[PDB]
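*Asks:* pasting the sequence and an experimental structure:
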Amino acid sequence: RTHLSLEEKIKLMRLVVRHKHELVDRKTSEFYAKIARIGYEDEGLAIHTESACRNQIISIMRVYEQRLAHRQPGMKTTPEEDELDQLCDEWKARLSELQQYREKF
């Protein structure tokens, strides 16, 4: 139930995207455990359980969708916002890929 800083959210999403091809459909536990471990060991995140790590990512993505939906033409963005948006877009695409695979075949 902790709150990540923007910096920590970017560090976490960098890891999620770097390791995105390691997520196996219906084996989420192993993936979010690994992300929590590497985030702690390398990026100085606090110790998170698997569930707490997964919830942080769910929350980042939920806020991302809000930001996307409320984006206005001509708005100013920061480089950190741009990076997080790009990382979230890439993670969303991975999740959608796995969904499509499960549904279609």
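*Replies:* Thanks, I have the structure now. Numbering: from 1, shown residues only.

*Asks:* in the helix or strand containing residue 35, which residues are buried?
*Replies:* Taking DSSP states H and E as the criterion, residue 35 maps to helix 28-43. Buried residues in helix 28-43, counted by 16 or more other C-beta atoms under 10 Å: 31, 32, 33, 34, 35, 36, 37, 39. Where you see a C-beta, it was placed from the backbone N, CA and C, and this is true even at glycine.

*Asks:* for the fifth one, which residues are in contact?
*Replies:* When you say that, I think you mean residue 35. Shown in contact with residue 35 (C-beta atoms under 8 Å, 6 or more residues apart in numbering): 12, 15, 16, 19, 53, 57.

*Asks:* which among the residues you listed end up buried?
*Replies:* For these, a burial check counting by 16+ other C-beta under 10 Å picks out 12, 15, 16, 53, 57.

*Asks:* where's the second one, which helix or strand?
*Replies:* So that's residue 15. Here residue 15 is assigned to helix 6-18, by DSSP H and E.

*Asks:* which other residues reach that helix?
*Replies:* For helix 6-18, the surrounding residues in contact (C-beta under 8 Å, 6+ apart) are 4, 35, 38-39, 42-45, 53, 56-57, 60, 80, 83-84, 87-88, 90-91, 94.

*Asks:* and for stretch 97-105?
*Replies:* Residues contacting stretch 97-105 (C-beta under 8 Å, 6+ apart): 23, 25.

*Asks:* when you give positions from now on, start the count at 7
*Replies:* OK, 7 is where the count begins now, so the last one is stretch 103-111.

*Asks:* how about the longest helix belonging to the chain: buried residues?
*Replies:* Criterion DSSP state H: the longest helix present in the chain is helix 85-110. By 16+ other C-beta under 10 Å, the buried positions in helix 85-110 come out as 90, 91, 93, 94, 97.

*Asks:* residue 79: which of these is nearest?
*Replies:* Distance to residue 79 across the buried residues of helix 85-110 (C-beta to C-beta) is lowest for residue 91, with 15.3 Å.

*Asks:* can you pull the contacts of that closest one?
*Replies:* 70, 73, 74, 83.

*Asks:* and those, which are buried?
*Replies:* Using 16+ other C-beta under 10 Å as the threshold, residue 70 are the buried ones among the contacts of residue 91.
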